[PDB]
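A quick write-up on the structure given underneath.
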Amino acid sequence: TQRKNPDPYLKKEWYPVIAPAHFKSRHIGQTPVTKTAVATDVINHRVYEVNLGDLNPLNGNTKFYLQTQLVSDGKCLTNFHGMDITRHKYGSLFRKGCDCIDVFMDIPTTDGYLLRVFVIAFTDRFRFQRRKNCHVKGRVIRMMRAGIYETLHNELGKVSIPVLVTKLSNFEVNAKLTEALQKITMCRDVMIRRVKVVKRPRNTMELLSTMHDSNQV
Amino acid sequence: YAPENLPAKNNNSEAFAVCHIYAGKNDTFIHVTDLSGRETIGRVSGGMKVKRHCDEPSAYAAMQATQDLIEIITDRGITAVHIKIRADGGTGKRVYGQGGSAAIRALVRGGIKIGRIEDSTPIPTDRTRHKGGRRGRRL
Amino acid sequence: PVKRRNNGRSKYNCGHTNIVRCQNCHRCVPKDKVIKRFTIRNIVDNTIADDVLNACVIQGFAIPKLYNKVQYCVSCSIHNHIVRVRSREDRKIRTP
RNA sequence: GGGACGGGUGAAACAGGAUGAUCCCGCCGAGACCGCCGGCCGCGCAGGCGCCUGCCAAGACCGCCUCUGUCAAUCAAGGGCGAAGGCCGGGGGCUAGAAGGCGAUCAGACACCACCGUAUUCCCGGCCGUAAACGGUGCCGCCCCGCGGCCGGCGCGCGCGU
Ligand SMILES: CC[C@H]1CN2CCc3cc(OC)c(OC)cc3[C@@H]2C[C@@H]1C[C@H]1NCCc2cc(OC)c(OC)cc21
Ligand SMILES: [Mg+2]
Ligand SMILES: [Mg+2]
Ligand SMILES: [Mg+2]
Ligand SMILES: [Mg+2]
Ligand SMILES: [Mg+2]
Ligand SMILES: [Zn+2]
């Protein structure tokens, strides 16, 4: 019943993959495909996981998701599609005796993208506290949730995809979160767990052209 | 192979792929894909290199399969890989088998450069009921 | 007679507690009676860490860990030497 | 996409595979569930209670030179609630899984182990009214060696620290 078949890799060719301008390194790699008999459409939509540190040679525990939207000059162009953290960091985040807060909210954009962002916070220990457990009461918790929502709305209420990607590459949103919260109590780790794209417009050409070859833009 | 049938050579970077390891309690899989998982360059399993069913997850078969994979992928022009080490998961053991370390070493000494490493075991925030009943495997 | 003051569990100021499943036999156990141990370990064991670092390309790359919680039933903990059967006087010691 | 085994066990064998399986990625559908934090923490008359957001009523405690003036304790009969399983009538139909079937093991094995799988497990309305329903210790009330931990509220002192 078994049959031999010709080697597939005698009819293959590679294509390069490029990232937006926000990052110093933009060559993601190469992708093989099978000869048209059409390569352009089949490789039109593919998602590549990229570690942030490799994009910007702190940055070793975050990775982005990038999807191709256009193939031109035999090279593929990509834009933002999602951001997440590594699993080992998340596992490390947890410690007994502390309280955990996870919040998610939906945020629209000027471009029509709608995003859901996940935020995680933990409490810490006071410097000269007699007790060893670092739990807190309820009013404190509701205050922290309200502060998270308010700060996220203010610093991301209105934004564009390039601005959002620049902010994620930096950590100013996390910095604002921690400074807003720290005025309440001792928080331990505060940051963004991940970002998802809920719905996007069908056609994204001006945005790719903006994201790619932005240079000074 | 013709030059077009291989990754383009450029000194700026090196031909980077991704390797998926399935370190189960009954079998081991070593799988190579591009940056995305939509294609495949080399797929091998420990059940090809042994005749005894219980030895399929044994590390020796893992090493043999791994070096065969190294030969094929080096023929196809791939030198550096990323590691995605995975267990069965899904209301299961959640601990690796004994073929994983063998695969890692065999890649390392096969002249294969190493990049990043992450855990890819499927884990839930919930749980469907697992088999065995409320008394468990009584043996 | 009564063997332990705690009745073999940690149940205070309650009537019922949520349940879990043993990781090796999949038995159902109350959460306050199951035996728990937290472990932290390297994905690559310690003998090949140097080779992994030499073969790695990133500078300063840190080896990621594994964070897991293991839960075992009474029968399986004993069979795997997780706990020992102790003497009558030594049952009252509570240090690790 | 790729090309030969995969599954499972102490070891195996039944079921899956050139109709391309296992493996990688993406998308779609439905229904369950609420993890690591999670505890000699807590809430509730008990049985029991853990996703986001919002709504409705309730409750013990603490603090008080606020009101009434014995209005209380316990209880046959009577009334209400009451785990899981089970039943009646409608919905829904993914996991697991009584019954049933099949492969091993055995002297035998219709059991323990492997696999397939019906009722059931989920929702609504209504019956049943039982548990190692255990702190195997009835409710109200007074005195009582000493040390220590945690939870909530209040007050005091200072060099202002949870
Ligand atoms: C008399 C029935 C037992 C003997 N058989 C067949 C032979 C055999 C061989 C094994 O490897 C040496 C083995 O693994 C321990 C099991 C068996 C079975 C097992 C039968 C008994 C069974 N129930 C009681 C005790 C027991 C203990 C076991 O050790 C965990 C076991 O392995 C799963 C099976 C059993
Ligand atoms: Mg036994
Ligand atoms: Mg006895
Ligand atoms: Mg009880
Ligand atoms: Mg019922
Ligand atoms: Mg009684
Ligand atoms: Zn177990």
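All Cβ positions, even for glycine, are placed from backbone atoms using ideal geometry, and neighbour counts span all protein chains on display. Here, each number is a calculation from the coordinates, and none is a lab measurement.
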Among the residues of the stretch B:124-139 satisfying the criterion of being more than 16 Å from ligand 2 (Cβ to nearest atom) and of a type in the set (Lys, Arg), which is surrounded by the fewest Cβ atoms within 10 Å (Cβ to Cβ)?
B:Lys131
Among the strands (runs of 3 or more DSSP E) lying completely within the stretch A:45-126, list those that include at least 2 residues that are away from ligand 2 (no atom under 16 Å from the Cβ) and within 20 Å of A:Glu155 (Cα to Cα).
A:75-85, A:100-108, A:114-123
Take B:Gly37 and tell me if it is of a type in the set (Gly, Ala, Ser), within 16 Å of ligand 7 (Cβ to nearest atom) and assigned to a loop (DSSP other than H, G, I, E, B).
no
Check every one of the strands (runs of 3 or more DSSP E) wholly within the stretch C:4-96 and list those with 3 or more residues that are more than 29 Å from B:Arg135 (Cα to Cα) and more than 16 Å from ligand 2 (Cβ to nearest atom).
C:35-42
Checked the stretch A:159-200 for anything in a loop (DSSP other than H, G, I, E, B), within 19 Å of the chain's Cα centre (by Cα) and of a type outside the set (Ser, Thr, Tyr); matches are A:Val159, A:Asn170, A:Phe171, A:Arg200
Tell me, which residue of the stretch B:1-32 that is closer than 27 Å to B:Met63 by Cβ and at the interface with another protein chain (Cβ under 10 Å from one of its Cβ atoms) is nearest to ligand 7 (Cβ to nearest atom)?
B:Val18
I need a count of the residues in the stretch A:33-64 that are under 11 Å from B:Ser36 (Cβ atoms) and in contact with an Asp or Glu (Cβ under 6 Å, 6 or more places away or on another chain).
0
